[PDB]
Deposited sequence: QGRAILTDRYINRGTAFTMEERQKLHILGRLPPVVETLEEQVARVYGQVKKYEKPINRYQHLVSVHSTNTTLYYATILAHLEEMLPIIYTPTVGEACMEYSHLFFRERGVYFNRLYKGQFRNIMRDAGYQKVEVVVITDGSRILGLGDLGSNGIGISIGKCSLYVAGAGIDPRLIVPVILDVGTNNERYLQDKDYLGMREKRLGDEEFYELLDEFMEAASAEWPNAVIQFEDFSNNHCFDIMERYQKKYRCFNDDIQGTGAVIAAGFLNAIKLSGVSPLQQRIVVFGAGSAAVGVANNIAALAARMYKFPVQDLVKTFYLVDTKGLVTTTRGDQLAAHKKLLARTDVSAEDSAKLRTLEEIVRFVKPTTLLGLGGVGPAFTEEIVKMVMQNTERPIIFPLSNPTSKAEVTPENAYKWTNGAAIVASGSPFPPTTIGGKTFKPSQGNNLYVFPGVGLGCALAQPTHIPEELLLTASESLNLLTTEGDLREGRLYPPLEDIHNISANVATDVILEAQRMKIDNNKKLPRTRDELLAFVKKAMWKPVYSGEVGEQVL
């Protein structure tokens, strides 16, 4: 009842004297290890597997046996482990190996349980739940297998911000699937029917949000991996009534904005002198641009309309302008050029000719349509600025606008680069360069830990902008001198504690915080936040 409890089990870290006292002498091999030694052993066990999915499989079995050792291993090898325990391995595990999630505590909803959502939550037997990750499996369709996405995401809040692993709930809202293989698969365990229409979808998701605010009143609700037809609408429906956010939309823009403002500082080319091609004009790409404007307005008090005019949006038609003669979608209107002639708009269609005309100092890659930041385009940006900022942010790694290596080569080390995925360093004439990864892990854990402590009535856009600024300000003079746009990913606990502290102070300034126990001054609150965090060490 010690060994079989994954929360108190220590395996070989039980001293001989503990083994005797606990009457488990002879249930373990004789070597006594420290946690650090166990982690090094587990690390070698992981690298004994070649395929990511088999590495993940090993780590799931570590989590089932000794949960402390699982988190200790992830934190000691975070950069290397991240692509294994979340994107892109996790989607492939959900799609083909969904059995790897069967043993993980989670909650399955569907229309069959309509009206009983609250009783299912009560029966799940949770104490003071702090974070809930919900998906529908729809940003191929995984349907019910989307539970794996919620599981993987919950685990990053535990690793990243020390959310206690017993106070986090992964949730699948199964509203059906349009995945035709699943609909015909004898082994699919979900609702075998096409996705429900919006009316029934919102009836079930409304019951979910009401039931959770009642049974899990202390929880942050985070939407993960919802398709475009619903993710924006979901936040508009719930942002004010419940304590919720969407990491794909709000986390991404918060992280990119923080890294982008640090790239502006290293460029010496100040924010109002920037000329920014935003390659890709979906709602998310436009959200990222707005988040950059909002952070620059907060950090530097330039008029936001002056920041908005640094942006040149490119959709599939070309430069978005008011004179190009089409009916612009609402999200594109605010960043539309007003200073470009109909005649010039007609000659502003390919990225090459847009770059030649605009003379940008920055390229933001949000296009999702492969490697458009050509050698020729990068060479042009080099005649407008001594430090081109190039952000190939499209995932997966195949969709990326340019490789950091190509960016560094073509600019002979002058490009300031942030990526969506990890990349190895590139060395040019004895000088080393490495892109700064804009990982979402920098923001969501801190937001979840801040909202878990402050208990705000809701998560207004101010708390996300605060987290964005906090992340920006954590990049030290030393980090900046070495070309880093973000604090180091390995220091995620310190990053999360700082982001959480600043999110709390913001909720206090807005008087939406419901926890009166917290300190209200930054130094004392930061110290308090750090002590509240769950640590993967053997405590008792």
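Gaps between the deposited sequence and the modelled coordinates occur at 1 to 3, 142, 144 to 146, 548 to 554, listed in sequence order.
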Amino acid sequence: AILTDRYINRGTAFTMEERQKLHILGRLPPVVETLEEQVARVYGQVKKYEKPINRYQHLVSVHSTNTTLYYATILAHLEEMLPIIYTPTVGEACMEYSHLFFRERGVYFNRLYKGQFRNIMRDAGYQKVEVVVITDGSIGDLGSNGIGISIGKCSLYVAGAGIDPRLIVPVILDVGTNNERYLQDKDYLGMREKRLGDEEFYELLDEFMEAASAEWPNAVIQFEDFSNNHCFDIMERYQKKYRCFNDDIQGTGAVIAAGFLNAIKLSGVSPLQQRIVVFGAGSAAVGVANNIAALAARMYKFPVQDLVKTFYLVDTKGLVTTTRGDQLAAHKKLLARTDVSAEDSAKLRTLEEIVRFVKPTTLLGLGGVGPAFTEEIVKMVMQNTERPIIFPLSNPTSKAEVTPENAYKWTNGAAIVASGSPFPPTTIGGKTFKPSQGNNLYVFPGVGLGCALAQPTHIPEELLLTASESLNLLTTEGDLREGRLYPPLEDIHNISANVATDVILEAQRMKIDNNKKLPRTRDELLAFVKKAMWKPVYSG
From here on, numbers count along this sequence of modelled residues.
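Think of the rigid core as the biggest set of C-alphas that the two forms share within 1.5 Å after superposition.
Across the superposed structures in 4 other deposited structures of this protein, aligned by the core, the stretch whose Cα atoms lie more distant on average is 394 to 402, chosen from 394 to 402 and 149 to 157. When the two stretches 379 to 387 and 448 to 456 are set side by side, the higher mean Cα temperature factor goes to 379 to 387.
Per the PDB record, of the two stretches 328 to 336 and 243 to 251, 328 to 336 carries the greater mean B-factor over its C-alpha atoms. Of the candidates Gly259, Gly160, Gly268, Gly137, it is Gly268 whose Cα B-factor is highest according to the PDB record.
Looking at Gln222, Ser150, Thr73, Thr322, the one whose CA carries the top B-factor in the deposited record is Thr322. Among the modelled residues of the chain, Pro29 sits in the lowest third by CA temperature factor in this PDB entry. Among the modelled residues of its chain, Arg55 has a C-alpha B-factor that falls in the middle third, as given in the PDB entry. Sorting the modelled residues of the chain by their CA temperature factor places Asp123 in the highest third. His23 sits in the highest third of its chain by CA B factor, as recorded in the PDB entry. Annotation for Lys511: C-alpha temperature factor in the highest third relative to the rest of the modelled chain, per the entry.
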